[PDB]
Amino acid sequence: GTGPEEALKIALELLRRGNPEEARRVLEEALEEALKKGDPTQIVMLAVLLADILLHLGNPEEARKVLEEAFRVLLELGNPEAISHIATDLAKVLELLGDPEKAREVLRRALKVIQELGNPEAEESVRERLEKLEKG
């Protein structure tokens, strides 16, 4: 079967070979299962790749929906490093959508859960993202 790792490999090739919509559908299906049964690292990398493909396809609101869905799940899985990456990419998409207020909210909520989990590297990571928000 095509687990998360196999779907990532197929999608990277299809994207590079000019087939982004087919790369998108491969990851959409894999992410759907990983959100219920996959581990936080599998969720993170499926979601950040799928979201970025959607972003450059010109579907940024779909990119946000993917990152937001993964973000909600990862907030409960106890892995502060996974929370950092997903919140970073979600906040950046929210910025690119013209919604910096929600980008801040996402990062502030990630920071609060990371502080509760206890991981100073993940906390310094999200703090730095909150600082570097002065961009467009």
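Numbers follow the displayed sequence, beginning with 1.
For the pair 57-65 and 106-114, the mean Cα B-factor is higher in 106-114. Look at the C-alpha B-factors of 71-79 and of 39-47. On average they run higher in 71-79. In the deposited entry, the Cα temperature factor of residue 28 sits in the middle third of values across the chain's modelled residues. Sort the modelled residues of the chain by CA B factor and residue 52 lands in the lowest third.
When the modelled residues of the chain are ordered by C-alpha B-factor, residue 133 sits in the highest third. Among the modelled residues of its chain, residue 101 has a C-alpha B-factor that falls in the highest third according to the deposited record.
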